[PDB]
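*Asks:*
Number of protein chains: 2
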Amino acid sequence: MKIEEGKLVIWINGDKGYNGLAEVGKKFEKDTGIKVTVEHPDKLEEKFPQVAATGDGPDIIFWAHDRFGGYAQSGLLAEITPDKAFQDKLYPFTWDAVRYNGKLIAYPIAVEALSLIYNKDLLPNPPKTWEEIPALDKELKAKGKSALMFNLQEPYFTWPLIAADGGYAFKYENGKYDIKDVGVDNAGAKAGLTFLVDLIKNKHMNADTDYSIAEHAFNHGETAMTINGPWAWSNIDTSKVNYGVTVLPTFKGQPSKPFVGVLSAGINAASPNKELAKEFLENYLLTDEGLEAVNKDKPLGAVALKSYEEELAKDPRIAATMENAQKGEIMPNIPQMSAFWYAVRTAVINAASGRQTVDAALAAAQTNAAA
Amino acid sequence: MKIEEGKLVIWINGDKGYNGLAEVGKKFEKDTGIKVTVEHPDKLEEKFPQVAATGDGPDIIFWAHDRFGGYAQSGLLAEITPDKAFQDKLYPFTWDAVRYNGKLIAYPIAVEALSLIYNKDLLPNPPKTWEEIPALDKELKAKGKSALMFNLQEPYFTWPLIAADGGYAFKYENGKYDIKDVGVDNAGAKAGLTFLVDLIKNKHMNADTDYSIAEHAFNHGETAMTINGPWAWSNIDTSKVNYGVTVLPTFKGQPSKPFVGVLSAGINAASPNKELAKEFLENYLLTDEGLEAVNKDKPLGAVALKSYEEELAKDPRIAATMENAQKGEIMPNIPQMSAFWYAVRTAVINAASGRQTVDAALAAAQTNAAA
Ligand SMILES: OC[C@H]1O[C@H](O[C@H]2[C@H](O)[C@@H](O)[C@@H](O)O[C@@H]2CO)[C@H](O)[C@@H](O)[C@@H]1O
Ligand SMILES: OC[C@H]1O[C@H](O[C@H]2[C@H](O)[C@@H](O)[C@@H](O)O[C@@H]2CO)[C@H](O)[C@@H](O)[C@@H]1O
Ligand SMILES: [Zn+2]
Ligand SMILES: [Zn+2]
Ligand SMILES: [Zn+2]
Ligand SMILES: [Zn+2]
Ligand SMILES: [Zn+2]
Ligand SMILES: [Zn+2]
Ligand SMILES: [Zn+2]
Ligand SMILES: [Zn+2]
Ligand SMILES: [Zn+2]
Ligand SMILES: [Zn+2]
Ligand SMILES: [Zn+2]
Ligand SMILES: [Zn+2]
Ligand SMILES: [Zn+2]
Ligand SMILES: [Zn+2]
Ligand SMILES: [Zn+2]
Ligand SMILES: [Zn+2]
Ligand SMILES: [Zn+2]
Ligand SMILES: [Zn+2]
Ligand SMILES: [Zn+2]
Ligand SMILES: [Zn+2]
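Chains as they are written, first to last, in the deposited numbering: chain A, 1 to 371; chain A', 1 to 371. A prime marks a further copy of an entry chain.
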């Protein structure tokens, strides 16, 4: 299983508009004769570094920009070469997210942030605070509904609450991240995680809730709210739930702070098709018609391409996404991010079960993240 | 020992221009017949709450604004009553420092921040970084000079270094301080204190250095630098040392962050002379001629009175003071500040001696500050 010259294989996560991307691929193939294959492997963010290290894997890998620093450090990504005219077509802050050691290591596609999604038929006025959700849940629970269900298995989803009162990954300083200053066991993080664990131990939420269960619950009107990204909107559209996308609730009077991801496309350093990959990404995908094809499948969020974003920006769901993004922080792209996510994922799982105390769980995560 | 009606007794710290203040007092006495006594007791910030609690003490107490929240909470201070025309004469941010629970509890006099003071004859180009001071000290040490001497006994002086990399007292949030989020044992504080302790353990500085020794050393040219406030300048003037006042050095590429104090004048709630005290403070002291009398004795810093500050602002020493102030933080005035200072004072003393480790010292301070 190697990489053939003269074809493109693209990996993208299963929650994104891979069929729409495949349509852009088929258009490229029709115009050029170059076959484009789109796959969505499980755990692609882990599989890529394993297969790319041996010189194999996809020609193009899509993921949020946070994983890309580590890929690039491991020599798995090729420096990309858009010209000044091309770079001008995307927002500068999107290029920042994909710059690593003064080198662009991927094409930015779209800016993603979690929002609060609520059922307007159940909940005309969404809660402004996390604090009021317990009582709302009790009130709803007959009705026979619940207030809030979202993916508790991945720290991406729980982090906005953890960060609200002060939790953080790595301290941003002299333009760089102090990788020895990790903010996962400070009082803010502890306050956030404690509230979350309390909701679970009091059966306002279930520790086993994952993406699939929460999506089912919201999309069939069993729960009044969920937390998710723009990729989720099209299934809600199909469900016919009358939904709103809004600012996340506050905690201790402060904004929830989602970690902002820029979906990005990197080129496998081991690919003999670097020129083709550049041509596809710049002149097929990163175009109004190309982004529209993907977006129509699953919404991308706020696209990096100025010309198309100017249209999407009029959508109140996009406005809410960017409001939530502004209240959160851009993810760092440093290689240490992988250890951070792993550390936080374990801490949340362990605390939610009652296995470890919040304090003990976060103490452990702090140590793991920082070494 | 009680408080007589028809006289004013003022307490002010011994490092301030108490003789100049006494001159303003004698002017008031000449105009009105009201005797004004100025004293500078030792540990006046501790003695005041002890004596004022029993209904005794000075009619007017001067200290930086940080102690005043606790005084006011204990019912020891009278709400002051300047009118809108008077309030307009001082800078709004100075009034903020003396507001406690929506009530003004003192008259602001001047804004104080520490600066780096250096001997231009020994050291034409002052170090920009804390990191370069060890090597400079070795180079100077014959010569037979030292690089830096400043008061190590009081945390006021060591805090700017401790805060540089992230240390903090109480987290500022919804306009209020989260009194359960104390930042004295995070990685930044630990990094700061560790560097300080290293300088001491390596004999670049002496753990026993206090205000008096450091002032002697600088003012007689034995050390190239000191850290101090504007009140110190007049003795340096007299010493004839060719000195500069400049931005504090950075640590880990970040500004030293001095805690900014607003010298303030409160009225003892137990005083039968509240009207007289108001009259003296508003119409004698807080005037160009009144502040000038004090300033001429020992410089006040950047005065709260707009009209006089517009003159003082042209002094590069004042510019440097305000540059350092802008890089630091205004002290909170909450009652918890007293526990904070006590906690940090002990931690620094204990670590500097080698009694406790930096980690153990700050762990202990963290607990004490937050309870
Ligand atoms: O949960 C940790 C996880 O968070 C992010 O993954 C997101 C991704 O950015 C979104 O595009 C969407 O697919 O949901 C994912 C969460 O399941 C980080 O990008 C990822 O590295 C990290 O492991
Ligand atoms: O060292 C802790 C101490 O710091 C401040 O005291 C300063 C004061 O603000 C200055 O005016 C000058 O007099 O030096 C003092 C340090 O010795 C706080 O105001 C004080 O409450 C605190 O104890
Ligand atoms: Zn193959
Ligand atoms: Zn297809
Ligand atoms: Zn799949
Ligand atoms: Zn071009
Ligand atoms: Zn409850
Ligand atoms: Zn740092
Ligand atoms: Zn169901
Ligand atoms: Zn259904
Ligand atoms: Zn169904
Ligand atoms: Zn921010
Ligand atoms: Zn008396
Ligand atoms: Zn006198
Ligand atoms: Zn005295
Ligand atoms: Zn008036
Ligand atoms: Zn040394
Ligand atoms: Zn807080
Ligand atoms: Zn001497
Ligand atoms: Zn001398
Ligand atoms: Zn002498
Ligand atoms: Zn600041």
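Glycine is no exception: its CB is placed at the ideal position from the N, C-alpha and C atoms.
Within the same chain, show all residues whose beta-carbon is closer than 7 Å to that of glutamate 29 of chain A, passing over the 5 residues directly before and after it, in chain order.
*Replies:* Taken in chain order, the residues that qualify are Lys35, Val36.
*Asks:* Would you tell me roughly how many angstroms separate the C-alpha atoms of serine 212 of chain A and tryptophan 159 of chain A', rounded to the nearest one?
*Replies:* When rounded, the distance between both Cα atoms is 50 Å.
*Asks:* Relative to chain A', which residues along the region 237-260 of chain A have a C-beta separation below 8 Å, given in chain order?
*Replies:* So the list reads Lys252, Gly253, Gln254, given in the order they occur along the chain.
*Asks:* Do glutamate 5 of chain A and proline 272 of chain A have their C-beta atoms within less than 8 Å of each other?
*Replies:* Cβ atoms of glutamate 5 of chain A and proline 272 of chain A: closer than 8 Å.
*Asks:* From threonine 357 of chain A to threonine 367 of chain A, what distance separates their C-alpha atoms?
*Replies:* Their backbone Cα atoms lie some 16 Å apart in a straight line.
*Asks:* Just to confirm, does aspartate 181 of chain A get its C-beta within under 7 Å of one of the non-hydrogen atoms of ligand 8?
*Replies:* The answer is yes for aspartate 181 of chain A.
*Asks:* Sort A/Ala97, A/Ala106, A/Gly192, A/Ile330 by Cα distance to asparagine 268 of chain A and report the nearest one.
*Replies:* Checked all of A/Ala97, A/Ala106, A/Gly192, A/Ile330; the closest Cα to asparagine 268 of chain A is A/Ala106.
*Asks:* Is the CB of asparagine 186 of chain A' under 8 Å away from at least one CB in chain A?
*Replies:* So yes, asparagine 186 of chain A' belongs to the interface.
*Asks:* Where does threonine 250 of chain A sit, in a helix, a strand or coil, going by DSSP?
*Replies:* Reduced to three states, the DSSP call for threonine 250 of chain A is strand.
*Asks:* Among the residues of its own chain, which have a CB less than 7 Å from the CB of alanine 217 of chain A, if the five just before and after it don't count?
*Replies:* Hits under 7 Å: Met149, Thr223.
*Asks:* Out of A'/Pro249, A'/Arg355, A'/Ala347, which has the shortest C-alpha to C-alpha gap to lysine 327 of chain A'?
*Replies:* Comparing Cα positions, the closest option is A'/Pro249.
*Asks:* Can you round the beta-carbon distance between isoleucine 179 of chain A and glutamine 336 of chain A to whole angstroms, since I take them to be within the 8 Å contact cut?
*Replies:* Yes, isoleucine 179 of chain A and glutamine 336 of chain A are in contact; Cβ-Cβ is about 5 Å, under 8 Å.
*Asks:* I'd like the span of the alpha helix (DSSP H) that includes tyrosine 71 of chain A', first residue to last.
*Replies:* From DSSP, the alpha helix (DSSP H) with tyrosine 71 of chain A' extends over 68-73.
*Asks:* At a cut-off of 7 Å, is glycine 17 of chain A close to ligand 5 when judged by its beta-carbon and the heavy atoms of the ligand?
*Replies:* Flag unset: Cβ of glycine 17 of chain A not near ligand 5.
*Asks:* To which residues does DSSP link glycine 261 of chain A through a beta bridge?
*Replies:* Answer is A/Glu112.
*Asks:* Anything in chain A within Cβ reach of residue 379 of chain A', meaning under 9 Å, just list it in chain order.
*Replies:* As displayed, chain A' neither begins before 1 nor continues past 371, which places residue 379 of chain A' out of reach and without an answer.
*Asks:* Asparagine 151 of chain A to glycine 75 of chain A', Cα distance in whole Å?
*Replies:* If you take the alpha carbons of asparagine 151 of chain A and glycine 75 of chain A', they lie about 51 Å apart.
*Asks:* Sorted by chain position, which residues of the same chain lie with C-beta nearer than 6 Å to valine 262 of chain A''s C-beta, five sequence neighbours on each side aside?
*Replies:* Excluding residues within five positions, the ones whose Cβ falls inside 6 Å are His65, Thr94, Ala97, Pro108, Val111.
*Asks:* Determine the DSSP secondary structure at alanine 325 of chain A', reduced to helix, strand or coil.
*Replies:* Residue state, collapsed to three classes: helix.
*Asks:* Helix, strand or coil: how does DSSP classify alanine 187 of chain A' here?
*Replies:* Three-state result, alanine 187 of chain A': helix.
*Asks:* Starting from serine 146 of chain A', follow the beta strand (DSSP E) in both directions and report where the run begins and ends.
*Replies:* Its beta strand (DSSP E) spans residues 146-148.
*Asks:* Does at least one heavy atom of ligand 14 sit under 7 Å from the Cβ of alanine 293 of chain A'?
*Replies:* No - ligand 14 has no heavy atom lying nearer than 7 Å to the Cβ of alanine 293 of chain A'.
*Asks:* For the beta strand (DSSP E) that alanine 224 of chain A lies in, which residues bound it at each end?
*Replies:* Counting along the chain, the beta strand (DSSP E) containing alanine 224 of chain A begins and ends at 223-228.
*Asks:* Three-state secondary structure (DSSP) at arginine 99 of chain A?
*Replies:* Here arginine 99 of chain A sits in strand by DSSP.
*Asks:* Among residues of its own chain, excluding the 5 on either side of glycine 167 of chain A', which ones have a beta-carbon nearer than 7 Å to its beta-carbon?
*Replies:* Here the set comprises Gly183, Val184, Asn186, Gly188, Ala189, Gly192.
*Asks:* Under 8 Å, Cβ to Cβ, is there at least one residue of chain A near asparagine 174 of chain A'?
*Replies:* Yes, its Cβ sits closer than 8 Å to a Cβ of chain A.
*Asks:* So the beta strand (DSSP E) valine 241 of chain A belongs to, where does it begin and stop?
*Replies:* Neither: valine 241 of chain A is in no beta strand (DSSP E) and is coded neither H nor E.
*Asks:* Can you say whether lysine 314 of chain A is buried or exposed, counting buried as having 16 or more other CB atoms within 10 angstroms of its CB?
*Replies:* Exposed: under 16 other Cβ atoms inside 10 Å.
*Asks:* Going along chain A', which residues have a C-beta under 7 Å from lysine 171 of chain A?
*Replies:* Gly166, listed in chain order.
*Asks:* Can you tell me where the alpha helix (DSSP H) holding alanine 343 of chain A begins and where it ends?
*Replies:* Unbroken alpha helix (DSSP H) run through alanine 343 of chain A: 337-353.
*Asks:* Grouping DSSP H, G and I as helix and E and B as strand, with all else coil, what is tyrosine 107 of chain A'?
*Replies:* Strand at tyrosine 107 of chain A'.
*Asks:* Less than 6 Å between C-beta atoms, sequence neighbours within five positions excluded: which residues of the same chain meet that for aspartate 237 of chain A?
*Replies:* If we look at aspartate 237 of chain A and ignore the five residues flanking it on each side, it has no Cβ neighbours.
*Asks:* Rounded to whole angstroms, how far is the Cβ of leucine 114 of chain A' from the Cβ of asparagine 324 of chain A', which I believe are closer than 8 Å?
*Replies:* About 6 Å separates the two Cβ atoms, so the contact holds.
*Asks:* May I ask you to check if the CB of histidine 40 of chain A' is nearer than 7 Å to at least one heavy atom of ligand 15?
*Replies:* Checking every heavy atom of ligand 15 against the Cβ of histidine 40 of chain A', one is found closer than 7 Å.
*Asks:* Within 10 angstroms of its Cβ, does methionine 331 of chain A' collect 16 or more other Cβ (buried), or is it exposed?
*Replies:* Buried: at least 16 other Cβ atoms inside 10 Å.
*Asks:* Give the range of the beta strand (DSSP E) segment to which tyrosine 156 of chain A' is assigned.
*Replies:* Counting along the chain, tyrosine 156 of chain A' falls outside any beta strand (DSSP E), though it belongs to the alpha helix (DSSP H) covering 155-164.
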